[PDB]
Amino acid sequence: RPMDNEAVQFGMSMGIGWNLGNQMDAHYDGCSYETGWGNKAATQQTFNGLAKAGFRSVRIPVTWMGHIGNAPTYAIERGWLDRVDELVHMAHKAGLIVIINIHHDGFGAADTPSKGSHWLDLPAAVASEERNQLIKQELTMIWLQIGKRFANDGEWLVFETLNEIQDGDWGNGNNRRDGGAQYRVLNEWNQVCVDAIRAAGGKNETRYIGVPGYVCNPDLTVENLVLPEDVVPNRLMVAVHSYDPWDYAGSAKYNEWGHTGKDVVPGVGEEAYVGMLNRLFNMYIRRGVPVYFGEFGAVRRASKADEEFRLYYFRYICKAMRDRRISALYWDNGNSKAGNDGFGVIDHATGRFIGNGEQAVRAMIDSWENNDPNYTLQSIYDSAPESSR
């Protein structure tokens, strides 16, 4: 069976992981700074905390903007690359699989504290082939440098080519009516990144590389992503993100989820989420192509009864992922609030739990990891909590 191959095994080995979010990706006025959005800098204790909790992987999103020299060499500032290098190796010391990327360089929405500085510009590339050529040259120079730094680091280190590429309308815009022009350029960008990584030598030759589809949307991925042509077989993984359904998990307009919820996104619950996973399973996993959620999550709630629904969500979706051989990394931005943007469960400098974060972390990891054939999606379903409305 292709789903039993070495690649899918590797994907599964990431298990449930954790994002060091709003950290090396944080930026304003055109430059990234680790502490720029209010997290303290990560330490060895951070990564020790993750491994102790049972996370198998860690994603370290990195925004490069502000640390990139002028064309044509686009030289990366050594101090910045040093810190990325250091974090990667702290994570490795803790026994974690590690993903690094190009992150808010390609932020494509209007609401950015770095207006005008996002060089990785999809609409600009679609409007002009000469702009597309320039962006591709920068991508090549950047990934070449990154790969050259990490040429002696093996397959525990994963490169993810890009983050969430879009035109600002989050997949509901012109991408659905431009004759696939945006999807095509994104596909070209992923090819260029893979080419660069493979050209960087040494262990970049057989490194796993994660590639995403449009705005990391699973369906637009399944429907339009073209896996780049590679110099070796079975070393690409499909990266996706899910905060579905958004008005439960992300905006928290609704604070219950699933078949026992009353304050729910209308008609969007377990079946919908499983359907999305099924599409990924059939398109990729079933064919021996691994899939991982680079980001998933749902915000924290103020009420205990509401919080039980969040834990239910994690148990259910993470079980569904395991059953489909899909790994997933929880989005942690360090924010301890309830509601919108409230994703912090582990302190980014100390590795300790934030508030009641242990209960969330346990829900996700222990559901994915469970190896009892009597622990099933049905058993989680039947144990769903009681509405408080």
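In this text, residue numbers run from 1 along the sequence as written.
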* Structure fact -> Mean B factor on CA atoms, stretches 87 to 95 and 290 to 298, record says higher is 87 to 95
* Structure fact -> With B-factors read from the PDB entry, the higher C-alpha mean of 49 to 57 and 326 to 334 is in 49 to 57
* Could you check 34, 29, 347, 358 and tell me which one carries the biggest Cα B-factor in the deposited entry? => 29
* To do: Can you pull the Cα B-factors for 100, 222, 264, 199 from the entry and say which is highest?
  => 199
* Structure fact -> Temperature factor at the Cα of residue 280, chain-ranked in thirds, falls in the lowest
* Classify residue 187 as lowest, middle or highest third according to the C-alpha B-factor given in the PDB entry, relative to its own chain. => middle
* Compare the C-alpha B factor of residue 211 with those of the other modelled residues in its chain, then answer lowest, middle or highest third. => lowest
* Asked: Looking at the C-alpha B-factor of residue 21, is it in the lowest, middle or highest third of its chain?
  -> lowest
* Asked: What third of its chain's C-alpha B-factors does residue 311 belong to: lowest, middle or highest?
  -> middle
